[PDB]
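Single-structure report; data block below.
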Amino acid sequence: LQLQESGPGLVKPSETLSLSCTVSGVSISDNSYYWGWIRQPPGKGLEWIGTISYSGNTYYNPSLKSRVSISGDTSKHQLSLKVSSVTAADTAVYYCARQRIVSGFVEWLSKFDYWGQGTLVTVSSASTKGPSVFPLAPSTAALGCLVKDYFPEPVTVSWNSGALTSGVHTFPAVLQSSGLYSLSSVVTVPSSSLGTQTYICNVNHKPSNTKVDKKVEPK
Amino acid sequence: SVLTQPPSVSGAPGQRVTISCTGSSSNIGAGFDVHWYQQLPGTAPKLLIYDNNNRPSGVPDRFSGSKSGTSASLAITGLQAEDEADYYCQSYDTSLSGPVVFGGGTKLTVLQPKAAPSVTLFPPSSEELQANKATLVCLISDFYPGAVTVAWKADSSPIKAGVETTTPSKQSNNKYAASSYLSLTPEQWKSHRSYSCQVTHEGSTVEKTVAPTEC
């Protein structure tokens, strides 16, 4: 029962956006199930994009019908969403979801029972940029990483390959005057462990395929 | 946006709260079922209520749905702090607007007490300084409500220049977080005795400070 959104985190204006969703544990052409795409602009609400049945048929939202195209690959168990001729207003988080239906005169679109986790796609004429990661030394003890000058979001930050959870607090990125982002992540740790345990952050930036690990040290 | 929802709804814990969703003749009035979703900050929507008033396993009895006329509403009894989220209504549509329609979205704000910010200020990294750049990282989180003032002062003299400050954003605990960056050249960092980032929340100001101390 899993849905995994996939695709680039950036597209330029007047360019076709392409996203994909890998479905797991259920067949993408199984009867009684429909699959669809939904989008959410930063700080805004949900907008349905379109839905595809268990057969070939697709239905779309008349507000984006001209540009939107959806396809299901029955052998790969995955969806495809195309959005041609993008603009600034297409910047959004795209979601993959499974849609139930009600069988009457027409199979009626219904409740979305399972949702994936979306992909933030930014529309911009700028190109991607990986972050310049710098360590923030500790001083009971607060230490962290500074992920500087990158584009566009998201950035994921793990500590000790996910082993360190307790005390982790990552902050919201700031959009700098330059057009690039800056993001910090810190961990509150026992000061007694500063010289005994290794503390390394794991900065991922999917738009530029960048992964930066950085050991943070005192002094 | 086609279905209309309250922009914002509040309530204290242990209270019963209601979130409305009223459309046209097409979306609800036509007789089509209403579905509700829950969205926690920074996460994907969860199926909360389906087919007007049914609960999927995993949803508390505290939640219930209702439909009458062109409206539908969501009822929460025994309101928890956990419930603070964004709520969305769904209905099939027969209008020019496409088959699936969502409502405007509702900011459900469960009561929180005043919370003073936790501020941590970091001096520019030595690695960063080697790059001929220098930024100070002021980090204030876990606070409520989402409103703070950031002041930067070289020694005792404040200077509003080179400042990149964020907008508060709530965390999983529904308390806000905000970060401020000060962009200097390494020589400015060195020139002054000490730099201070001070944040003013609830009439109480926290003034952390840093200075050019190599080690």
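Every chain in the structure tokens takes a letter, A first, then B, and so on in the order presented; its residues are numbered from 1, and the ligands are numbered from 1 following the presented order.
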Which parts of segment 27-161 of chain B does DSSP call strand (DSSP E) when run on the backbone here, written out as a tab-separated table (two decimals) with N, CA, C and O atoms, in the first residue's frame?
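Full text of result-v9.tsv as output:
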chain	number	residue	atom	x	y	z
B	34	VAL	N	-19.73	13.89	0.56
B	34	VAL	CA	-18.69	14.77	1.02
B	34	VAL	C	-17.55	14.02	1.73
B	34	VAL	O	-17.79	13.14	2.55
B	35	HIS	N	-16.31	14.35	1.38
B	35	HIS	CA	-15.15	13.72	2.01
B	35	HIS	C	-14.24	14.76	2.67
B	35	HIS	O	-14.04	15.83	2.15
B	36	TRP	N	-13.69	14.43	3.83
B	36	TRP	CA	-12.82	15.32	4.58
B	36	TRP	C	-11.41	14.81	4.71
B	36	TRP	O	-11.20	13.62	4.96
B	37	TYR	N	-10.45	15.73	4.61
B	37	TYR	CA	-9.03	15.42	4.78
B	37	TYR	C	-8.37	16.25	5.84
B	37	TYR	O	-8.75	17.39	6.07
B	38	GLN	N	-7.40	15.64	6.49
B	38	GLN	CA	-6.62	16.29	7.54
B	38	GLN	C	-5.20	16.49	7.07
B	38	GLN	O	-4.57	15.57	6.56
B	39	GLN	N	-4.67	17.69	7.23
B	39	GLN	CA	-3.31	17.89	6.81
B	39	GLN	C	-2.48	18.56	7.89
B	39	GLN	O	-2.65	19.74	8.20
B	46	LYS	N	-4.49	13.32	4.90
B	46	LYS	CA	-5.01	12.06	5.40
B	46	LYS	C	-6.52	11.95	5.21
B	46	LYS	O	-7.26	12.88	5.55
B	47	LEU	N	-7.00	10.80	4.75
B	47	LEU	CA	-8.44	10.63	4.63
B	47	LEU	C	-9.00	10.62	6.05
B	47	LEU	O	-8.70	9.72	6.83
B	48	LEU	N	-9.82	11.62	6.39
B	48	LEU	CA	-10.36	11.73	7.73
B	48	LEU	C	-11.79	11.20	7.80
B	48	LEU	O	-12.05	10.27	8.57
B	49	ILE	N	-12.70	11.80	7.02
B	49	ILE	CA	-14.11	11.39	6.92
B	49	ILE	C	-14.48	11.09	5.49
B	49	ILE	O	-14.09	11.81	4.57
B	63	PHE	N	-14.14	12.17	16.02
B	63	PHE	CA	-14.44	12.78	14.75
B	63	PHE	C	-15.73	12.22	14.14
B	63	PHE	O	-15.97	11.01	14.18
B	64	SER	N	-16.54	13.10	13.55
B	64	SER	CA	-17.78	12.69	12.93
B	64	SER	C	-18.17	13.65	11.80
B	64	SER	O	-17.83	14.83	11.83
B	65	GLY	N	-18.85	13.13	10.78
B	65	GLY	CA	-19.25	13.97	9.64
B	65	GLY	C	-20.77	14.11	9.52
B	65	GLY	O	-21.51	13.27	10.02
B	66	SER	N	-21.21	15.18	8.85
B	66	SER	CA	-22.65	15.42	8.68
B	66	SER	C	-22.96	16.20	7.40
B	66	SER	O	-22.20	17.08	7.01
B	67	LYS	N	-24.09	15.88	6.76
B	67	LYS	CA	-24.51	16.55	5.52
B	67	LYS	C	-26.00	16.89	5.54
B	67	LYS	O	-26.82	16.06	5.94
B	68	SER	N	-26.35	18.11	5.11
B	68	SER	CA	-27.75	18.55	5.03
B	68	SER	C	-27.89	19.76	4.08
B	68	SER	O	-27.36	20.85	4.34
B	71	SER	N	-24.89	22.01	2.51
B	71	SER	CA	-23.76	22.04	3.42
B	71	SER	C	-23.39	20.69	4.01
B	71	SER	O	-24.18	19.76	4.12
B	72	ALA	N	-22.14	20.65	4.44
B	72	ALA	CA	-21.57	19.52	5.12
B	72	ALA	C	-20.64	20.04	6.21
B	72	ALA	O	-20.01	21.10	6.08
B	73	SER	N	-20.55	19.31	7.31
B	73	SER	CA	-19.72	19.80	8.39
B	73	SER	C	-19.00	18.67	9.09
B	73	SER	O	-19.41	17.50	9.03
B	74	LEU	N	-17.89	19.03	9.72
B	74	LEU	CA	-17.05	18.09	10.45
B	74	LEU	C	-17.10	18.43	11.93
B	74	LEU	O	-16.89	19.57	12.32
B	75	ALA	N	-17.38	17.42	12.74
B	75	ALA	CA	-17.48	17.59	14.18
B	75	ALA	C	-16.36	16.92	14.92
B	75	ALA	O	-16.09	15.73	14.73
B	76	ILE	N	-15.73	17.67	15.81
B	76	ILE	CA	-14.68	17.12	16.64
B	76	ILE	C	-15.07	17.28	18.09
B	76	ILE	O	-15.23	18.41	18.56
B	85	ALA	N	-4.57	21.39	12.74
B	85	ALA	CA	-4.14	21.08	11.37
B	85	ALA	C	-4.91	21.93	10.34
B	85	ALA	O	-5.58	22.90	10.70
B	86	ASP	N	-4.77	21.56	9.05
B	86	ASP	CA	-5.48	22.17	7.92
B	86	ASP	C	-6.52	21.16	7.45
B	86	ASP	O	-6.18	19.99	7.24
B	87	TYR	N	-7.78	21.60	7.34
B	87	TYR	CA	-8.88	20.71	6.97
B	87	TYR	C	-9.48	21.05	5.62
B	87	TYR	O	-9.71	22.23	5.31
B	88	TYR	N	-9.72	20.01	4.80
B	88	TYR	CA	-10.25	20.16	3.44
B	88	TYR	C	-11.46	19.27	3.17
B	88	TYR	O	-11.45	18.09	3.52
B	89	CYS	N	-12.50	19.85	2.53
B	89	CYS	CA	-13.76	19.14	2.15
B	89	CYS	C	-13.71	18.71	0.65
B	89	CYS	O	-13.12	19.39	-0.19
B	90	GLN	N	-14.31	17.57	0.31
B	90	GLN	CA	-14.31	17.04	-1.07
B	90	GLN	C	-15.73	16.70	-1.52
B	90	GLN	O	-16.50	16.30	-0.69
B	91	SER	N	-16.09	16.88	-2.79
B	91	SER	CA	-17.40	16.48	-3.31
B	91	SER	C	-17.33	16.35	-4.82
B	91	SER	O	-16.57	17.07	-5.48
B	92	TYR	N	-18.13	15.45	-5.39
B	92	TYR	CA	-18.22	15.31	-6.84
B	92	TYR	C	-18.94	16.54	-7.37
B	92	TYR	O	-19.83	17.06	-6.72
B	100	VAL	N	-13.99	16.49	-9.67
B	100	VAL	CA	-13.53	16.56	-8.29
B	100	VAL	C	-13.27	17.96	-7.88
B	100	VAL	O	-12.57	18.71	-8.56
B	101	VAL	N	-13.88	18.33	-6.77
B	101	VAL	CA	-13.75	19.66	-6.23
B	101	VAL	C	-13.37	19.70	-4.77
B	101	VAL	O	-13.90	18.94	-3.96
B	102	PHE	N	-12.45	20.61	-4.44
B	102	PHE	CA	-12.00	20.82	-3.07
B	102	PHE	C	-12.45	22.16	-2.55
B	102	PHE	O	-12.70	23.09	-3.32
B	106	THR	N	-9.31	24.93	5.75
B	106	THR	CA	-9.54	25.56	7.06
B	106	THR	C	-8.41	25.43	8.09
B	106	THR	O	-8.06	24.32	8.50
B	107	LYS	N	-7.91	26.58	8.57
B	107	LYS	CA	-6.87	26.62	9.61
B	107	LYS	C	-7.41	26.27	11.00
B	107	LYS	O	-7.76	27.17	11.76
B	108	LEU	N	-7.48	24.97	11.35
B	108	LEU	CA	-7.94	24.64	12.71
B	108	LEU	C	-6.83	24.87	13.73
B	108	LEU	O	-5.84	24.14	13.74
B	109	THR	N	-7.03	25.88	14.58
B	109	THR	CA	-6.08	26.32	15.60
B	109	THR	C	-6.48	25.95	17.02
B	109	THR	O	-7.23	26.68	17.66
B	110	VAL	N	-5.95	24.86	17.56
B	110	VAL	CA	-6.28	24.49	18.93
B	110	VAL	C	-5.44	25.36	19.89
B	110	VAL	O	-4.27	25.63	19.63
B	118	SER	N	13.29	30.04	21.98
B	118	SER	CA	14.57	29.45	22.36
B	118	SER	C	15.56	29.94	21.30
B	118	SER	O	15.53	29.45	20.17
B	119	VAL	N	16.42	30.88	21.66
B	119	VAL	CA	17.35	31.48	20.72
B	119	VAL	C	18.79	31.00	20.85
B	119	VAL	O	19.38	31.05	21.92
B	120	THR	N	19.34	30.54	19.73
B	120	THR	CA	20.73	30.09	19.69
B	120	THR	C	21.48	30.84	18.59
B	120	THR	O	21.12	30.77	17.42
B	121	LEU	N	22.52	31.58	18.97
B	121	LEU	CA	23.27	32.32	17.98
B	121	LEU	C	24.65	31.74	17.73
B	121	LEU	O	25.44	31.54	18.65
B	122	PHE	N	24.93	31.46	16.46
B	122	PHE	CA	26.21	30.91	16.05
B	122	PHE	C	27.06	31.94	15.29
B	122	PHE	O	26.55	32.65	14.42
B	134	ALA	N	30.98	35.54	5.55
B	134	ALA	CA	30.75	35.37	6.97
B	134	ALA	C	29.31	35.60	7.35
B	134	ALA	O	28.80	36.71	7.24
B	135	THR	N	28.64	34.56	7.84
B	135	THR	CA	27.28	34.80	8.27
B	135	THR	C	27.02	34.35	9.69
B	135	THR	O	27.55	33.34	10.15
B	136	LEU	N	26.19	35.12	10.38
B	136	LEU	CA	25.80	34.82	11.75
B	136	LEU	C	24.44	34.15	11.67
B	136	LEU	O	23.55	34.60	10.95
B	137	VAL	N	24.27	33.07	12.43
B	137	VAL	CA	23.03	32.31	12.40
B	137	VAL	C	22.28	32.44	13.71
B	137	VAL	O	22.74	31.96	14.74
B	138	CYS	N	21.17	33.17	13.66
B	138	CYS	CA	20.30	33.42	14.82
B	138	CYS	C	19.12	32.48	14.65
B	138	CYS	O	18.41	32.55	13.65
B	139	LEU	N	18.88	31.61	15.63
B	139	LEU	CA	17.81	30.63	15.50
B	139	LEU	C	16.86	30.60	16.68
B	139	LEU	O	17.24	30.19	17.77
B	140	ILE	N	15.62	31.03	16.45
B	140	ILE	CA	14.62	31.02	17.51
B	140	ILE	C	13.44	30.13	17.12
B	140	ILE	O	12.77	30.38	16.13
B	141	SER	N	13.16	29.13	17.94
B	141	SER	CA	12.05	28.24	17.64
B	141	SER	C	11.10	28.19	18.82
B	141	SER	O	11.06	29.13	19.62
B	142	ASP	N	10.36	27.06	18.93
B	142	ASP	CA	9.40	26.70	19.96
B	142	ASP	C	8.73	27.90	20.62
B	142	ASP	O	8.81	28.06	21.84
B	143	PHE	N	8.00	28.71	19.85
B	143	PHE	CA	7.32	29.87	20.44
B	143	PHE	C	5.88	30.07	19.94
B	143	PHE	O	5.47	29.55	18.90
B	149	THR	N	10.52	40.02	16.77
B	149	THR	CA	11.33	41.13	16.24
B	149	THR	C	12.81	40.83	16.43
B	149	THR	O	13.26	40.56	17.54
B	150	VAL	N	13.57	40.88	15.34
B	150	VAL	CA	15.00	40.60	15.38
B	150	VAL	C	15.87	41.84	15.21
B	150	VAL	O	15.73	42.58	14.23
B	151	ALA	N	16.77	42.06	16.16
B	151	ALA	CA	17.67	43.21	16.12
B	151	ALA	C	19.14	42.79	16.16
B	151	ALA	O	19.54	41.96	16.98
B	152	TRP	N	19.94	43.37	15.27
B	152	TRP	CA	21.37	43.07	15.19
B	152	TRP	C	22.18	44.31	15.56
B	152	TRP	O	21.91	45.40	15.04
B	153	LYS	N	23.16	44.15	16.44
B	153	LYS	CA	23.97	45.29	16.85
B	153	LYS	C	25.46	44.99	17.02
B	153	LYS	O	25.85	44.15	17.83
B	154	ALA	N	26.29	45.69	16.25
B	154	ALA	CA	27.73	45.56	16.33
B	154	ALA	C	28.01	46.29	17.62
B	154	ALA	O	27.66	47.47	17.75
B	157	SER	N	26.01	49.25	19.12
B	157	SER	CA	25.35	50.04	18.07
B	157	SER	C	24.60	49.17	17.02
B	157	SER	O	25.26	48.52	16.20
B	158	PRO	N	23.25	49.19	16.99
B	158	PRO	CA	22.46	48.40	16.08
B	158	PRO	C	22.54	48.86	14.64
B	158	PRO	O	22.60	50.06	14.35
Hey, could you make a per-residue contact list for chain B against chain A with 6 Å as the cut-off, showing the nearest pair of atoms and its distance in Å to one decimal, counting only C-alpha atoms, sorted by chain and number, as JSON lines?
{"residue": "B:44", "atom": "CA", "partner": "A:117", "partner_atom": "CA", "distance": 5.5}
{"residue": "B:47", "atom": "CA", "partner": "A:113", "partner_atom": "CA", "distance": 5.6}
{"residue": "B:97", "atom": "CA", "partner": "A:62", "partner_atom": "CA", "distance": 6.0}
{"residue": "B:98", "atom": "CA", "partner": "A:61", "partner_atom": "CA", "distance": 4.5}
{"residue": "B:105", "atom": "CA", "partner": "A:45", "partner_atom": "CA", "distance": 5.8}
{"residue": "B:125", "atom": "CA", "partner": "A:136", "partner_atom": "CA", "distance": 6.0}
{"residue": "B:166", "atom": "CA", "partner": "A:174", "partner_atom": "CA", "distance": 5.4}
{"residue": "B:215", "atom": "CA", "partner": "A:219", "partner_atom": "CA", "distance": 4.7}
Got time to write the residues from that selection, C-alpha atoms, as a compact mmCIF listing (two decimals), in the first residue's frame?
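Contents of out-v7.txt, as written:
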# COMPACT_ATOMS: atom_id res chain seq x y z
CA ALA B 44 0.47 14.95 2.93
CA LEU B 47 -8.44 10.63 4.63
CA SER B 97 -15.60 23.03 -12.88
CA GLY B 98 -14.23 19.46 -13.00
CA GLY B 105 -9.14 24.87 3.32
CA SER B 125 32.08 28.99 10.67
CA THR B 166 12.38 34.29 7.80
CA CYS B 215 40.05 27.86 19.07
Residue with smallest distance to residue 19 of chain B - pool B:60, B:69, B:99, B:104, counting only C-alpha atoms: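 Ranked by minimum distance to residue 19 of chain B, first place goes to B:104.
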Atomic distance atom CA of residue 88 of chain A - atom CA of residue 67 of chain A, expressed in Å with one decimal: 14.4 Å
Residue contacts of segment 23-33 of chain A (7 Å, only C-alpha atoms) excluding same-chain residues fewer than 3 positions away, as a ChimeraX atom specification: /A:1-4,53-55,74,77-78,99-101
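What separates atom CA of residue 127 of chain A from atom CA of residue 91 of chain A is a distance of 14.7 Å.
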Test item: residues at most 7 Å from residue 213 of chain A, only C-alpha atoms, excluding those fewer than 6 positions along its chain, as a PyMOL selection string: chain A and resi 200-203
If you keep C-alpha atoms, can you produce a file of those selected residues as a PDB file, in the first residue's frame?
ATOM      1  CA  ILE A 200      27.714  14.199  11.300  1.00  0.00           C
ATOM      2  CA  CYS A 201      24.957  15.784   9.230  1.00  0.00           C
ATOM      3  CA  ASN A 202      23.691  14.371   5.953  1.00  0.00           C
ATOM      4  CA  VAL A 203      22.527  17.151   3.584  1.00  0.00           C
TER       5      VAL A 203
END
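All residues in chain A with a DSSP state of helix (DSSP H, G or I), computed from the backbone, read residues 88, 89, 90, 160, 161, 162, 191, 192, 193, 206, 207 and 208 of chain A.
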Let me see the file: selected residues, N, CA and C atoms, as an mmCIF file, in the first residue's frame.
data_model
loop_
_atom_site.group_PDB
_atom_site.id
_atom_site.type_symbol
_atom_site.label_atom_id
_atom_site.label_comp_id
_atom_site.auth_asym_id
_atom_site.auth_seq_id
_atom_site.Cartn_x
_atom_site.Cartn_y
_atom_site.Cartn_z
ATOM 1 N N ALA A 88 4.656 30.547 -13.556
ATOM 2 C CA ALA A 88 5.018 30.770 -12.154
ATOM 3 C C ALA A 88 4.006 30.138 -11.213
ATOM 4 N N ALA A 89 2.737 30.203 -11.606
ATOM 5 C CA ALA A 89 1.622 29.672 -10.841
ATOM 6 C C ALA A 89 1.551 28.145 -10.826
ATOM 7 N N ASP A 90 2.480 27.457 -11.488
ATOM 8 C CA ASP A 90 2.496 26.008 -11.436
ATOM 9 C C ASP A 90 3.428 25.498 -10.341
ATOM 10 N N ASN A 160 23.831 11.574 11.702
ATOM 11 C CA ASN A 160 24.435 10.261 11.882
ATOM 12 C C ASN A 160 23.667 9.202 11.113
ATOM 13 N N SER A 161 23.437 9.473 9.823
ATOM 14 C CA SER A 161 22.722 8.581 8.924
ATOM 15 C C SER A 161 21.364 8.161 9.444
ATOM 16 N N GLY A 162 20.686 9.066 10.138
ATOM 17 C CA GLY A 162 19.356 8.796 10.662
ATOM 18 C C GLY A 162 19.357 8.205 12.065
ATOM 19 N N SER A 191 26.283 17.837 26.518
ATOM 20 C CA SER A 191 27.639 18.372 26.412
ATOM 21 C C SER A 191 28.702 17.326 26.782
ATOM 22 N N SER A 192 28.317 16.346 27.608
ATOM 23 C CA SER A 192 29.182 15.246 28.028
ATOM 24 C C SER A 192 29.570 14.287 26.895
ATOM 25 N N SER A 193 28.853 14.340 25.773
ATOM 26 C CA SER A 193 29.141 13.477 24.634
ATOM 27 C C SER A 193 29.952 14.187 23.538
ATOM 28 N N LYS A 206 17.912 17.023 -3.722
ATOM 29 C CA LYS A 206 17.520 16.264 -4.890
ATOM 30 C C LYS A 206 17.602 17.059 -6.198
ATOM 31 N N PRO A 207 17.213 18.354 -6.256
ATOM 32 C CA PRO A 207 17.302 19.126 -7.472
ATOM 33 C C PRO A 207 18.686 19.164 -8.119
ATOM 34 N N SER A 208 19.752 19.083 -7.323
ATOM 35 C CA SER A 208 21.092 19.095 -7.907
ATOM 36 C C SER A 208 21.809 17.762 -7.699
#
Length of the atom CA of residue 209 of chain B to atom CA of residue 123 of chain B vector [Å]: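 Atom CA of residue 209 of chain B sits 9.1 Å away from atom CA of residue 123 of chain B.
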Write out as a PDB file with C-alpha atoms, in the first residue's frame each polymer residue whose atoms come within 9 Å of residue 115 of chain B, counting only C-alpha atoms; drop sequence neighbours fewer than 5 positions from it.
ATOM      1  CA  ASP B 142       9.403  26.700  19.956  1.00  0.00           C
ATOM      2  CA  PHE B 143       7.320  29.868  20.440  1.00  0.00           C
ATOM      3  CA  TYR B 144       3.685  31.033  20.270  1.00  0.00           C
ATOM      4  CA  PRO B 145       2.156  33.067  18.775  1.00  0.00           C
ATOM      5  CA  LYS B 175       4.843  26.184  17.998  1.00  0.00           C
ATOM      6  CA  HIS B 201       8.647  38.253  22.275  1.00  0.00           C
ATOM      7  CA  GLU B 202       5.859  38.954  24.833  1.00  0.00           C
TER       8      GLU B 202
END
9 Å contact set for residue 70 of chain B, only C-alpha atoms, chain neighbours under 4 positions out, as a ChimeraX atom specification: /B:21-25,27-31
Keeping only C-alpha atoms, write the selected residues as a PDB file, in the first residue's frame.
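again00.pdb, freshly written:
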ATOM      1  CA  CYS B  21     -18.378  23.248   3.745  1.00  0.00           C
ATOM      2  CA  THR B  22     -21.097  24.831   1.563  1.00  0.00           C
ATOM      3  CA  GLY B  23     -21.201  24.634  -2.226  1.00  0.00           C
ATOM      4  CA  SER B  24     -23.698  25.032  -5.043  1.00  0.00           C
ATOM      5  CA  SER B  25     -26.444  22.914  -6.567  1.00  0.00           C
ATOM      6  CA  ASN B  27     -21.229  19.774  -5.707  1.00  0.00           C
ATOM      7  CA  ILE B  28     -23.267  18.877  -2.614  1.00  0.00           C
ATOM      8  CA  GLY B  29     -26.807  20.004  -3.210  1.00  0.00           C
ATOM      9  CA  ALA B  30     -26.998  17.533  -6.098  1.00  0.00           C
ATOM     10  CA  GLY B  31     -26.721  14.805  -3.545  1.00  0.00           C
TER      11      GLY B  31
END
Exercise: residue 70 of chain A partners within 8 Å, only C-alpha atoms, chain neighbours under 2 positions left out, as a list in words: residues 50, 51, 52, 58, 68, 72, 79, 80, 81 and 82 of chain A
